[PDB]
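One chain comes next, on its own, written as C-alpha cells: the form deposited in one PDB entry.
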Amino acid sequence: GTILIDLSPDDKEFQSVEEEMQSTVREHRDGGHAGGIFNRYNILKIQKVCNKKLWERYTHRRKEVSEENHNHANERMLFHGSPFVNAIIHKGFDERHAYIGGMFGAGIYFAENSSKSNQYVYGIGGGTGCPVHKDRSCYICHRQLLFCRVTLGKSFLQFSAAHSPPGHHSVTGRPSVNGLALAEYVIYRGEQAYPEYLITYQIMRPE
C-alpha cells in the first residue's frame, strides 16, 4: 500500500520540512563520533509517505488517546533515524522490535533534534558507519531520516542526565545537564506514530 510522492523544492511543505531539519542541528557530546561532524545538511529529496492502512491505524489510536486525555492527542512532529526505514514506511512502526533499552526502556524513540536522530541512521551509536566506506562521518553516502507524526497523549516527564507508565501514553526525556539539547520522546505502541516524510540527505563538511 505505500506510495512515496516527491516534493518539489518550490513546494512550501518541502521548505518547512527542510527548515525543521536544518534548524534543529546541534553539537553532540561525542564530538561527532556517532553521527559525524557537520553544522548542516545538503537535502537531496523529501518524499511524502502515503499509506491508507497505516494512516487509519494511526488516527484510530490517536482518537483513543485523545478521549483518555480531555480531547488532547498532544501530537508532535519528530525525527526518527534507523537502519530499518524501508520496513517502517511499508509496515509501520512495530514495538516488538524494541528489545534493547535506551535511556527510557524498551520503546520506540523520537527526537526534536534532527542531529540526534542522525546518530542512529547506521545503527546504535552509528554502528560501523556507511556500508560503502565504513565511515560514521561519511560526506558522500546518502542518508535518510523520517519526520513523523507522533501522538504523546499524557506524557511521563523524566528529568535526564514494555508499557507506558501507568496512566501515561508516552515518556518525555527532558535534558537536565546539556543546556542546548532538545527533548527525546518514547512511545510503546507502533500505532502512535505515522512516518510522514522520508528525507534523503548528506551531512556537509564544515568549511
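Residue positions are given as counts along the sequence shown, with the first one as 1. Residues that one form lacks are left out of the comparison. The term rigid core refers to the maximal set of C-alpha atoms that superpose within 1.5 Å between the two forms.
What comes next is about the form deposited in another entry, which is not displayed.
J.: Which residue moves between the shown form and the other one, judged by a Cα shift of 2 Å or more on the rigid core: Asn178, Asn39, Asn69, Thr59?
T.: The displaced C-alpha is that of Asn178.
J.: Establish whether a shift of 2 Å or more occurs at the C-alpha of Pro131 between the shown form and the other one, with the two forms superposed on the rigid core.
T.: No, shifts by less than 2 Å.
J.: Is it true that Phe84 shifts between the shown form and the other one by 2 Å or more at the Cα, once the core is aligned?
T.: No, the C-alpha position differs by under 2 Å between the shown form and the other one.
J.: Distance change of 3 Å or more between the C-alpha atoms of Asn178 and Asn118 in the other entry: closer or farther compared with this structure?
T.: Compared with the shown chain, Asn178-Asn118 is farther in the other entry.
J.: Compared with this form, is the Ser137-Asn178 Cα separation smaller or larger in the other entry, the difference being 3 Å or more?
T.: Between the C-alphas of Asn178 and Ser137, the gap widens in the other entry (3 Å or more compared with this form).
J.: Taking the rigid core as reference, which runs of at least three consecutive residues show Cα movement of 2 Å or more between the shown form and the other one?
T.: Runs shifting 2 Å or more: 99-101, 177-182.
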